[PDB]
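Worksheet for the structure shown next.
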Amino acid sequence: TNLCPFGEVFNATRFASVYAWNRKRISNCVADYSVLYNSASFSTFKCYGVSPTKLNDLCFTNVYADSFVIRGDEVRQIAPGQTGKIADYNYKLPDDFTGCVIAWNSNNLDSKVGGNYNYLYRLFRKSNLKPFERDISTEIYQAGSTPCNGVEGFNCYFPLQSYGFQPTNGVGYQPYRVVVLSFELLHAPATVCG
Amino acid sequence: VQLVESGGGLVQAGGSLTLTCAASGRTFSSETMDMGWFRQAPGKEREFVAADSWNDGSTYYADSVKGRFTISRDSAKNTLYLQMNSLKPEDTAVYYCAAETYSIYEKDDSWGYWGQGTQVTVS
Amino acid sequence: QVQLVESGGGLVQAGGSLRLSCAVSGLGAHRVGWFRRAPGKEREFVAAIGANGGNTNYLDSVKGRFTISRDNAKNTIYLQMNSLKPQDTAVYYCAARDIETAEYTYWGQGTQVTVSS
């Protein structure tokens with residue numbers, strides 16, 4: 001019998017890094033899951049599962065919520081079973097899931113003279129990454145027999161790169177903030193149900 | 001949270017002093033689990049100084065930190081106060097000062113206002 | 001574009017701090033580095049600093065008082081060789097980290113400062 005934590009996460013200065021997603025669990029509370037759909041402040045909204053206006057009778061028990069900031073034109077790579085040459089190397093999602101992803105503008109706060117350079121993203125560490133797993137590999141990419149070990153030789157380049165955006169953002173390449181929720185129903189007691 | 005990492009000091013350093021370390025995390029009761037990551041130990045070799053992750057998590061034995069060095073980590077008040085050990089002159093006493101943040105995933109690390117790793121210092 | 005040039009140098013008997021800066025016309029979100037000119041047919045890596053300033057790297061013979069930092073106003077770059085001794089030779093190569101697509105690729109220069117007994 002308490003207010004849900006949904007109001008303590010939205011409208012935050014920062015959430016996490018590009019290659020760092022934090023999983024959170026919703027505490028016991030009572031609320032309606034159709035409030036987000038009624039809101040007109042989320043222009044972008046895409047997902048799979050029951051319709052927003054009907055997913056109320058079947059109360060969820062398990063909630064997995066993540067939030068991050070990415071490039072605006074990455075919506076093409078946010079889809080189930082994606083086989084993009086870059087997406088799988090950083091993020092991957094399976095087709096057997098029921099959940100919804102929303103995105104909105106991120107330039108309202110991440111704007112200043114000289115652009116933004118705090119965000120970093122990886123390119124390649126060893127091979128394609130399976131979904132639901134992360135690793136921190138500091139080893140430099142190897143493209144030959146002699147181990148460069150940080151030497152700028154044999155195509156040994158730094159795998160991580162930072163964003164760059166001018167305050168005069170034009171085309172939709174400007175960064176966006178993306179939040180993804182997944183709901184799982186089980187016979188175990190449900191934290192939220194009514 | 002402090003970037004400077006150092007260990008305790010016995011009479012060898014002119015007197016007995018309390019440990020100087022801080023624990024970084026969202027809350028003191030973030031989680032009840034035992035684990036660790038690289039957490040570069042004193043010297044070139046890197047070992048798990050302490051896998052407790054909270055107040056008396058679980059005893060862990062490592063070559064870098066053997067029975068000669070106390071194995072305990074406390075996240076209360078983001079500070080360390082437990083005495084390490086009564087060593088003998090002509091020795092080294094350096095202890096890592098860091099802690100994990102709050103997150104369900106493994107290898108938790110503070111994001112937003114923290115940088116990977118910390119400065120290496122000795123007493 | 002970004003203009004990279006280096007010209008100057010000079011040194012005296014062992015004294016205080018020594019400061020040389022590789023001229024750069026601002027670095028917004030692009031990398032820059034220094035290359036060791038070892039006695040061989042190829043150069044060697046020295047250090048690389050990202051835009052965020054993290055992931056700092058140094059050679060085996062650089063850990064210690066030597067440090068490098070960046071400024072948020074004019075991207076001023078500090079150098080190593082603080083508290084020199086009459087044994088070191090100072091010749092580097094400024095590199096623009098040609099892996100980038102700002103306008104083009106550019107190459108820097110360096111000096112041959114030396115010390116005296």
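Just so we're on the same page: first chain in the structure tokens is A, next is B, and so on; residues restart at 1 for each chain, and ligands are numbered from 1 in the order they show up.
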task: With a distance cut-off of 9 Å and only C-alpha atoms, select the neighbouring residues of residue C:82, excluding the residue or stretch itself and same-chain residues fewer than 4 positions from it, and output the selection as number ranges by chain.
output: C: 16-19, 65-67
field: Exercise answer, chain A residues close to chain C, 6 Å and only C-alpha atoms, as JSON, numbers by chain
entry: {"A": [118, 151, 164]}
Mind dumping the selected residues with N, CA and C atoms as a PDB file, in the first residue's frame?
ATOM      1  N   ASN A 118      31.043  12.459 -22.766  1.00  0.00           N
ATOM      2  CA  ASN A 118      31.109  11.517 -21.654  1.00  0.00           C
ATOM      3  C   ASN A 118      30.709  10.107 -22.069  1.00  0.00           C
ATOM      4  N   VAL A 151      50.298  -1.597 -28.854  1.00  0.00           N
ATOM      5  CA  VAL A 151      51.073  -0.913 -29.880  1.00  0.00           C
ATOM      6  C   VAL A 151      50.193  -0.655 -31.096  1.00  0.00           C
ATOM      7  N   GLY A 164      29.919  12.496 -30.284  1.00  0.00           N
ATOM      8  CA  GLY A 164      30.161  13.894 -30.580  1.00  0.00           C
ATOM      9  C   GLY A 164      28.934  14.543 -31.187  1.00  0.00           C
TER      10      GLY A 164
END
Set the cut-off to 7 Å and count only C-alpha atoms: what are the residues of chain B that reach chain A? Output as a compact mmCIF listing (two decimals) with N, CA, C and O atoms, in the first residue's frame.
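Saved the output as selection.txt:
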# COMPACT_ATOMS: atom_id res chain seq x y z
N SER B 103 23.20 -3.11 -8.02
CA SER B 103 22.66 -3.56 -9.30
C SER B 103 22.51 -5.07 -9.26
O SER B 103 23.30 -5.77 -8.61
N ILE B 104 21.50 -5.58 -9.96
CA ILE B 104 21.26 -7.02 -9.99
C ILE B 104 22.36 -7.73 -10.76
O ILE B 104 22.79 -8.83 -10.39
N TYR B 105 22.84 -7.11 -11.84
CA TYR B 105 23.88 -7.72 -12.65
C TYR B 105 25.16 -7.89 -11.83
O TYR B 105 25.32 -7.34 -10.74
N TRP B 111 28.37 4.29 -11.98
CA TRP B 111 28.26 4.94 -13.28
C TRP B 111 27.69 6.34 -13.10
O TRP B 111 26.80 6.57 -12.28
N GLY B 112 28.23 7.29 -13.88
CA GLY B 112 27.71 8.64 -13.91
C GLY B 112 28.67 9.68 -13.39
O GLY B 112 28.81 10.75 -13.99
Taking only C-alpha atoms into account, produce a table as a tab-separated table in which each residue of chain B with an atom at most 12 Å from an atom of chain C appears once, together with its shortest atom pair and the distance in Å to one decimal, ordered by chain and rising number.
residue	atom	partner	partner_atom	distance
B:112	CA	C:52	CA	12.0
B:113	CA	C:52	CA	11.6
B:114	CA	C:54	CA	10.3
B:115	CA	C:54	CA	7.0
B:116	CA	C:54	CA	7.8
B:117	CA	C:55	CA	9.1
B:118	CA	C:54	CA	10.9
B:119	CA	C:56	CA	11.5
B:120	CA	C:64	CA	10.6
B:121	CA	C:64	CA	11.0
query: Which neighbours of residue B:79 fall inside 7 Å, counting only C-alpha atoms, when residues of the same chain fewer than 5 positions from it are skipped, and could you give them as a count of residues only?
result: 3
field: Secondary structure check, strand (DSSP E) residues of stretch 8-49 of chain C, as a PyMOL selection string
entry: chain C and resi 23-24+32-36+44-49
task: Report the distance between atom CA of residue C:5 and atom CA of residue C:109 in Å, rounded to one decimal place.
output: 5.9 Å
query: Can you list, as a ChimeraX atom specification, every protein, DNA or RNA residue that comes within 7 Å of residue B:73 when you count only C-alpha atoms, leaving out same-chain residues fewer than 3 positions away?
result: /B:50,52-56
field: Non-local contacts of residue A:194 (10 Å; only C-alpha atoms; under 5 positions in same chain excluded) as a ChimeraX atom specification
entry: /A:29-32,56-59
Take the residues from that selection and put them in a file with N, CA, C and O atoms, as a PDB file, in the first residue's frame.
ATOM      1  N   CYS A  29       3.295  -2.508  -4.823  1.00  0.00           N
ATOM      2  CA  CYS A  29       2.515  -1.278  -4.913  1.00  0.00           C
ATOM      3  C   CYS A  29       1.265  -1.577  -5.732  1.00  0.00           C
ATOM      4  O   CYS A  29       1.050  -2.707  -6.182  1.00  0.00           O
ATOM      5  N   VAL A  30       0.439  -0.551  -5.918  1.00  0.00           N
ATOM      6  CA  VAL A  30      -0.780  -0.644  -6.713  1.00  0.00           C
ATOM      7  C   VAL A  30      -0.817   0.542  -7.666  1.00  0.00           C
ATOM      8  O   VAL A  30      -0.609   1.686  -7.249  1.00  0.00           O
ATOM      9  N   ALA A  31      -1.073   0.268  -8.940  1.00  0.00           N
ATOM     10  CA  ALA A  31      -1.133   1.306  -9.964  1.00  0.00           C
ATOM     11  C   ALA A  31      -1.706   0.683 -11.231  1.00  0.00           C
ATOM     12  O   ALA A  31      -2.041  -0.506 -11.265  1.00  0.00           O
ATOM     13  N   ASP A  32      -1.814   1.498 -12.276  1.00  0.00           N
ATOM     14  CA  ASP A  32      -2.331   1.072 -13.568  1.00  0.00           C
ATOM     15  C   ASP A  32      -1.222   1.123 -14.609  1.00  0.00           C
ATOM     16  O   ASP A  32      -0.447   2.084 -14.660  1.00  0.00           O
ATOM     17  N   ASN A  56      -4.310  -5.366 -18.292  1.00  0.00           N
ATOM     18  CA  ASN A  56      -4.625  -4.941 -16.932  1.00  0.00           C
ATOM     19  C   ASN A  56      -5.133  -6.079 -16.061  1.00  0.00           C
ATOM     20  O   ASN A  56      -4.803  -6.130 -14.875  1.00  0.00           O
ATOM     21  N   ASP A  57      -5.931  -6.993 -16.619  1.00  0.00           N
ATOM     22  CA  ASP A  57      -6.447  -8.105 -15.827  1.00  0.00           C
ATOM     23  C   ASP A  57      -5.324  -9.026 -15.367  1.00  0.00           C
ATOM     24  O   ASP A  57      -5.309  -9.465 -14.211  1.00  0.00           O
ATOM     25  N   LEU A  58      -4.379  -9.331 -16.253  1.00  0.00           N
ATOM     26  CA  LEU A  58      -3.273 -10.234 -15.939  1.00  0.00           C
ATOM     27  C   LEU A  58      -2.161  -9.423 -15.286  1.00  0.00           C
ATOM     28  O   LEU A  58      -1.284  -8.873 -15.954  1.00  0.00           O
ATOM     29  N   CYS A  59      -2.199  -9.350 -13.958  1.00  0.00           N
ATOM     30  CA  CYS A  59      -1.193  -8.596 -13.225  1.00  0.00           C
ATOM     31  C   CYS A  59       0.165  -9.281 -13.322  1.00  0.00           C
ATOM     32  O   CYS A  59       0.272 -10.506 -13.231  1.00  0.00           O
TER      33      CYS A  59
END
- request: Identify which of the residues A:75, A:9, A:102, A:4 lies closest to residue A:87, counting only C-alpha atoms when measuring atom-to-atom distances.
  value: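 Closest residue, counting only C-alpha atoms: A:75.
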task: Rounded to one decimal place, report the atom CA of residue C:104-atom CA of residue C:32 distance in Å.
output: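 Taking atom CA of residue C:104 and atom CA of residue C:32, their separation equals 14.1 Å.
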Contacts of stretch 180-186 of chain A within 8 Å, only C-alpha atoms, excl. fewer than 5 positions in-chain, as a list in words: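 My list of contacting residues is residues 58, 59, 60, 61, 62, 63, 64, 65, 66, 67, 97, 98, 99, 100, 101 and 102 of chain A.
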query: How would you write, as a list in words, the set of residues in stretch 1-115 of chain A that DSSP gives as alpha helix (DSSP H)?
result: residues 35, 36, 37 and 38 of chain A
task: Please provide the set of residues having any atom within 12 Å of residue B:13, restricted to only C-alpha atoms, with same-chain residues fewer than 2 positions apart removed, written as a ChimeraX atom specification.
output: /B:7-11,15-17,87-93,122-123
query: At what distance in Å, to one decimal, does atom CA of residue A:125 lie from atom CA of residue A:143?
result: 11.8 Å
